[PDB]
Each structure stands twice: as C-alpha cells, then as structure tokens.
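S.K.: One structure, pasted below without further comment.
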Amino acid sequence: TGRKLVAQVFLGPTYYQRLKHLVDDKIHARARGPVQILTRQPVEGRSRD
DNA sequence: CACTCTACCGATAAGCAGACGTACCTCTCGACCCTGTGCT
C-alpha cells in the first residue's frame with residue numbers, strides 16, 4: 001500500500017550463511033518400489049527409493 | 001529322668017555371576033590367510 005508502517009523496523013546488514021541442508025536434498029516420496037530380499041519390506045533410504 | 005554332644009532339616013544371608021539401555025532421518029567410507037603342490 002505504500003503506507004508508512006506504524007512500527008519502526010530494525011534494519012541493517014547481517015552476515016548470513018547458506019547451510020548444506022537444502023530441501024531438494026531431502027524431499028522424498030514412496031508409493032511402491034524395492035523391498036528387502038529377506039523381509040520383503042520397503043528398503044531403507046531416500047537414495048534407494 | 002536331669003542333663004549336655006552331636007544329628008538334622010531348616011531357615012539365614014553371603015557372593016556370585018548374568019541381564020537391561022530415546023525416536024526418526026541424511027550422507028560417506030572400508031572390507032582373510034597360509035601353505036601344499038603341480039607347472040615349466
């Protein structure tokens with residue numbers, strides 16, 4: 001709205017860090033796929049479905 | 001028929017050992033030996 005905020009903001013430069021935790025590295029979904037040979041249950045791990 | 005010395009099955013603890021330990025998730029990195037015996 002271009003309107004002047006009622007509160008005054010604490011604004012300034014701050015040193016931030018990008019961390020090795022990226023959402024796309026973590027997002028995982030399984031419907032069906034590989035199973036363990038012995039127990040025949042879904043295998044472990046995002047990387048292996 | 002008053003005694004006190006050993007037999008008992010009891011209980012006592014005793015030291016023993018053996019037995020247990022949040023959840024779910026991501027990734028990387030490394031994985032026998034020793035000696036008989038035929039080959040050439």
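By order of appearance in the structure tokens: chains A, B, ..., then residues from 1 within every chain, and ligands from 1 in the order shown.
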Residues at most 7 Å from segment 25-31 of chain A, counting only C-alpha atoms (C1' of nucleotides), excluding those fewer than 2 positions away in the same chain, as a VMD selection string?
M.R.: chain A and resid 22 to 23 46 49
S.K.: What are the nearest atom pairs, with distances in Å to one decimal, for all residues of chain B that come at most 10 Å from chain A, using only C-alpha atoms (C1' of nucleotides), set out by chain and rising residue number as a Markdown table?
M.R.:
```
| residue | atom | partner | partner_atom | distance |
| --- | --- | --- | --- | --- |
| B:25 | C1' | A:45 | CA | 8.8 |
| B:26 | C1' | A:26 | CA | 7.4 |
| B:27 | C1' | A:47 | CA | 9.7 |
```
S.K.: If you run DSSP on this backbone, which residues of chain A come out as alpha helix (DSSP H), and could you give them as a ChimeraX atom specification?
M.R.: /A:23-26
